[PDB]
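Chemist: Sharing protein_32.cif, mmCIF, C-alpha atoms:
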data_structure
loop_
_atom_site.label_atom_id
_atom_site.label_comp_id
_atom_site.auth_asym_id
_atom_site.auth_seq_id
_atom_site.Cartn_x
_atom_site.Cartn_y
_atom_site.Cartn_z
CA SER A 1 19.67 -19.77 -12.21
CA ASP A 2 21.70 -22.00 -9.87
CA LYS A 3 21.91 -18.63 -8.16
CA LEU A 4 18.09 -18.37 -8.34
CA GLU A 5 17.67 -21.78 -6.60
CA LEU A 6 19.29 -20.35 -3.44
CA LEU A 7 16.88 -17.39 -3.38
CA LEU A 8 13.54 -19.15 -3.73
CA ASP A 9 12.74 -19.23 -0.02
CA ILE A 10 13.60 -15.60 0.77
CA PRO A 11 10.62 -13.81 2.34
CA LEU A 12 9.59 -10.66 0.54
CA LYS A 13 7.41 -7.85 1.76
CA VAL A 14 4.25 -7.27 -0.27
CA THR A 15 2.22 -4.05 0.07
CA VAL A 16 -1.02 -3.19 -1.68
CA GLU A 17 -1.74 0.52 -2.19
CA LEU A 18 -5.03 2.24 -2.86
CA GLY A 19 -3.22 5.39 -3.88
CA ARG A 20 -0.92 8.26 -3.01
CA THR A 21 -0.86 12.00 -2.59
CA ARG A 22 1.26 14.68 -0.99
CA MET A 23 0.46 17.26 1.68
CA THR A 24 2.24 19.75 3.85
CA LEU A 25 3.22 19.18 7.41
CA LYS A 26 0.72 21.88 8.29
CA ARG A 27 -2.12 19.90 6.71
CA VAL A 28 -0.96 16.70 8.46
CA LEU A 29 -1.11 18.47 11.83
CA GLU A 30 -4.52 19.98 11.12
CA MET A 31 -6.26 16.81 10.05
CA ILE A 32 -9.10 15.58 12.25
CA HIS A 33 -11.47 12.61 12.57
CA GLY A 34 -13.52 12.77 9.37
CA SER A 35 -10.89 14.57 7.30
CA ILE A 36 -10.94 13.56 3.69
CA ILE A 37 -7.75 12.86 1.75
CA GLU A 38 -8.08 12.58 -2.04
CA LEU A 39 -5.70 10.25 -3.83
CA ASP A 40 -4.13 10.09 -7.28
CA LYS A 41 -6.04 6.94 -8.22
CA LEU A 42 -9.10 7.07 -10.48
CA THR A 43 -12.22 4.97 -10.30
CA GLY A 44 -11.82 2.31 -12.90
CA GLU A 45 -8.16 1.72 -11.98
CA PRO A 46 -6.72 -1.30 -10.19
CA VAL A 47 -4.84 -1.19 -6.86
CA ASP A 48 -1.08 -1.36 -6.87
CA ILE A 49 0.96 -4.33 -5.66
CA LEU A 50 4.52 -3.63 -4.55
CA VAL A 51 7.19 -6.12 -3.57
CA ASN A 52 9.98 -4.64 -1.47
CA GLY A 53 8.81 -1.24 -2.72
CA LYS A 54 8.81 -2.13 -6.45
CA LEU A 55 5.59 -2.08 -8.48
CA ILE A 56 5.27 -5.50 -10.09
CA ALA A 57 1.52 -5.93 -10.42
CA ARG A 58 -1.94 -4.39 -10.11
CA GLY A 59 -5.23 -5.96 -9.15
CA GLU A 60 -8.72 -5.89 -7.79
CA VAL A 61 -9.80 -6.18 -4.15
CA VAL A 62 -11.44 -9.43 -2.99
CA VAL A 63 -12.59 -10.91 0.32
CA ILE A 64 -10.83 -14.13 1.34
CA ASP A 65 -12.42 -15.60 4.45
CA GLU A 66 -12.12 -12.73 6.97
CA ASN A 67 -9.32 -10.85 5.22
CA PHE A 68 -8.87 -8.47 2.37
CA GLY A 69 -7.01 -9.82 -0.61
CA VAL A 70 -6.13 -8.86 -4.18
CA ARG A 71 -6.64 -10.80 -7.42
CA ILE A 72 -3.87 -9.99 -9.89
CA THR A 73 -5.18 -8.32 -13.07
CA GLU A 74 -1.87 -6.99 -14.47
CA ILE A 75 1.64 -8.29 -13.84
CA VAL A 76 5.14 -7.99 -15.31
CA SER A 77 6.93 -11.08 -16.62
CA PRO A 78 8.75 -13.32 -14.10
CA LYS A 79 12.05 -12.14 -15.62
CA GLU A 80 11.03 -8.48 -15.12
CA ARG A 81 10.07 -9.20 -11.50
CA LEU A 82 13.62 -10.46 -10.87
CA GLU A 83 15.16 -7.45 -12.60
CA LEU A 84 13.14 -4.97 -10.56
CA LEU A 85 13.86 -6.74 -7.28
CA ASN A 86 17.58 -6.75 -8.20
CA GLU A 87 17.68 -2.97 -8.61
CA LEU B 1 8.78 23.53 8.47
CA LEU B 2 5.01 23.84 8.03
CA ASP B 3 5.26 23.99 4.21
CA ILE B 4 7.39 20.80 3.76
CA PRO B 5 5.68 18.30 1.42
CA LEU B 6 5.15 14.84 2.81
CA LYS B 7 4.32 11.65 0.90
CA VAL B 8 0.99 10.05 1.83
CA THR B 9 0.17 6.41 0.98
CA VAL B 10 -3.04 4.53 1.66
CA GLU B 11 -2.52 0.81 2.07
CA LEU B 12 -5.13 -1.92 1.80
CA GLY B 13 -2.79 -4.29 3.60
CA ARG B 14 0.46 -6.26 3.65
CA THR B 15 1.78 -9.78 3.62
CA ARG B 16 4.99 -11.71 3.09
CA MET B 17 5.67 -14.38 0.57
CA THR B 18 8.72 -16.16 -0.84
CA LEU B 19 10.47 -15.14 -4.01
CA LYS B 20 9.33 -18.45 -5.51
CA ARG B 21 5.72 -17.45 -4.97
CA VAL B 22 6.26 -13.97 -6.35
CA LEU B 23 7.75 -15.48 -9.51
CA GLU B 24 4.87 -18.01 -9.93
CA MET B 25 2.09 -15.49 -9.66
CA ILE B 26 -0.03 -14.99 -12.79
CA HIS B 27 -3.21 -13.19 -13.88
CA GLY B 28 -5.91 -14.47 -11.52
CA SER B 29 -3.56 -15.36 -8.64
CA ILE B 30 -4.87 -14.17 -5.26
CA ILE B 31 -2.77 -12.58 -2.53
CA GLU B 32 -4.27 -12.59 0.99
CA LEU B 33 -3.40 -9.63 3.19
CA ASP B 34 -3.08 -9.07 6.92
CA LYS B 35 -6.05 -6.70 7.20
CA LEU B 36 -9.45 -7.94 8.28
CA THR B 37 -12.47 -6.92 6.20
CA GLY B 38 -14.07 -4.80 8.92
CA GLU B 39 -10.95 -2.72 9.52
CA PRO B 40 -10.21 0.71 8.19
CA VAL B 41 -7.33 1.09 5.71
CA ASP B 42 -3.89 2.47 6.68
CA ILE B 43 -2.79 6.01 6.06
CA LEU B 44 0.96 6.42 6.09
CA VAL B 45 2.87 9.71 5.92
CA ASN B 46 6.53 9.31 5.00
CA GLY B 47 6.05 5.60 5.79
CA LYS B 48 4.72 6.18 9.34
CA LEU B 49 1.25 5.00 10.25
CA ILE B 50 -0.58 7.98 11.62
CA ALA B 51 -4.21 7.33 10.75
CA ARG B 52 -6.71 4.81 9.39
CA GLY B 53 -9.98 5.31 7.53
CA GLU B 54 -12.70 4.34 5.11
CA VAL B 55 -12.46 4.49 1.32
CA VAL B 56 -14.63 7.02 -0.45
CA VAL B 57 -15.08 8.31 -3.96
CA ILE B 58 -14.78 12.01 -4.68
CA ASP B 59 -16.05 12.61 -8.22
CA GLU B 60 -13.74 10.24 -10.14
CA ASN B 61 -10.87 9.83 -7.63
CA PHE B 62 -10.58 7.53 -4.68
CA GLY B 63 -10.08 9.04 -1.28
CA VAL B 64 -10.11 8.11 2.41
CA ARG B 65 -12.14 9.56 5.28
CA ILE B 66 -10.22 9.40 8.53
CA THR B 67 -11.78 7.32 11.30
CA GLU B 68 -8.75 6.89 13.55
CA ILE B 69 -5.86 9.31 14.03
CA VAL B 70 -3.10 9.87 16.59
CA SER B 71 -2.62 13.24 18.28
CA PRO B 72 -0.88 16.13 16.43
CA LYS B 73 1.95 15.82 18.98
CA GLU B 74 2.33 12.10 18.10
CA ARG B 75 2.19 12.85 14.36
CA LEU B 76 5.17 15.17 14.76
CA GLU B 77 7.04 12.67 16.94
CA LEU B 78 6.63 9.92 14.37
CA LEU B 79 7.66 12.12 11.44
CA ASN B 80 10.78 13.21 13.40
CA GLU B 81 11.88 9.58 14.14
#
Translate this file's structure into structure tokens.

Modeler:
Amino acid sequence: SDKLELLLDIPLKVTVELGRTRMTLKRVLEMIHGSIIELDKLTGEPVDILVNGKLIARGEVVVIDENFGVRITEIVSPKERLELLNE
Amino acid sequence: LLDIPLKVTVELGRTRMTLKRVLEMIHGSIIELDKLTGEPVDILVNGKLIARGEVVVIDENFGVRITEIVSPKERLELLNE
């Protein structure tokens, strides 16, 4: 808590994922322009929001000025965000 | 080597923010990312950016159609870094 005060300005890396899959090296080498990669995410599901590699939230894609963004639709508690980042 | 499974991730974008901000976010908060709206999305294999493309739907799953990709030689180089 006094500990927390010292951490508030630490920059954290945020990544937003549309989905994941797995493929062989062979398939990676054979892919071409136009190749289609199917992901583990279903229509109707939100995108994932990771902070230093930990899933803390999910959301929906929005346009902000010229950039993609995400509006948070699901998130863990602030205490759980700390716990996960402290793993 | 050809049969080794690799992890593929498709990213909409990235940003950086402080821990304070991360802890203040709530339902409805907006996070702006580093990708511009006309750009294709990133395709990473084992964390290495090898391709970019456009999002598609295949039946009920999301997918990506590749629009930019490095050479097969360069794919192998990156995966062997």

Chemist: For stretch 56-58 of chain B, work out the shell of residues within 9 Å, counting all atoms listed in the file and skipping chain neighbours fewer than 2 positions away, then give it as a PDB file with C-alpha atoms, in the frame of the given file.

Modeler:
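The resulting file, around-v2.pdb, is reproduced below:
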ATOM      1  CA  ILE A  36     -10.940  13.560   3.690  1.00  0.00           C
ATOM      2  CA  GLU A  38      -8.080  12.580  -2.040  1.00  0.00           C
ATOM      3  CA  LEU A  42      -9.100   7.070 -10.480  1.00  0.00           C
ATOM      4  CA  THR A  43     -12.220   4.970 -10.300  1.00  0.00           C
TER       5      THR A  43
ATOM      6  CA  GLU B  54     -12.700   4.340   5.110  1.00  0.00           C
ATOM      7  CA  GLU B  60     -13.740  10.240 -10.140  1.00  0.00           C
ATOM      8  CA  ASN B  61     -10.870   9.830  -7.630  1.00  0.00           C
ATOM      9  CA  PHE B  62     -10.580   7.530  -4.680  1.00  0.00           C
ATOM     10  CA  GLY B  63     -10.080   9.040  -1.280  1.00  0.00           C
ATOM     11  CA  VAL B  64     -10.110   8.110   2.410  1.00  0.00           C
ATOM     12  CA  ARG B  65     -12.140   9.560   5.280  1.00  0.00           C
TER      13      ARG B  65
END

Chemist: For residue B:45, find every residue with an atom within 12 Å (counting all atoms listed in the file), except residues of its own chain fewer than 4 positions away, and show them as number ranges by chain.

Modeler: A: 20-25, 27-29, 37; B: 5-11, 49-52, 69, 75-76, 78-80

Chemist: Would you translate the PyMOL selection byres ((chain A and resi 47) around 8) into the concrete set of residues it matches in this file, as a ChimeraX atom specification?

Modeler: /A:16-19,45-46,48-49,58-61

Chemist: I need the chosen residues saved as a PDB file, keeping the file's coordinate frame, with C-alpha atoms.

Modeler:
ATOM      1  CA  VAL A  16      -1.020  -3.190  -1.680  1.00  0.00           C
ATOM      2  CA  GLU A  17      -1.740   0.520  -2.190  1.00  0.00           C
ATOM      3  CA  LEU A  18      -5.030   2.240  -2.860  1.00  0.00           C
ATOM      4  CA  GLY A  19      -3.220   5.390  -3.880  1.00  0.00           C
ATOM      5  CA  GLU A  45      -8.160   1.720 -11.980  1.00  0.00           C
ATOM      6  CA  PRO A  46      -6.720  -1.300 -10.190  1.00  0.00           C
ATOM      7  CA  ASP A  48      -1.080  -1.360  -6.870  1.00  0.00           C
ATOM      8  CA  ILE A  49       0.960  -4.330  -5.660  1.00  0.00           C
ATOM      9  CA  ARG A  58      -1.940  -4.390 -10.110  1.00  0.00           C
ATOM     10  CA  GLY A  59      -5.230  -5.960  -9.150  1.00  0.00           C
ATOM     11  CA  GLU A  60      -8.720  -5.890  -7.790  1.00  0.00           C
ATOM     12  CA  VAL A  61      -9.800  -6.180  -4.150  1.00  0.00           C
TER      13      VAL A  61
END

Chemist: Closest to residue A:8 among B:13, B:3, B:40, B:18, using only C-alpha atoms?

Modeler: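 Once distances to residue A:8 are computed over only C-alpha atoms, the minimum belongs to B:18.
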
Chemist: Return the single residue from A:73, A:35, A:15, A:67 that is closest to residue B:27, with distances computed using all atoms listed in the file.

Modeler: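 Of A:73, A:35, A:15, A:67, the one nearest residue B:27, counting all atoms listed in the file, is A:73.
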
Chemist: Check the smallest atom-to-atom distance from each of B:55, B:25, B:44, B:36 to chain A using all atoms listed in the file, then report the winner.

Modeler: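 Closest to chain A, using all atoms listed in the file: B:36.
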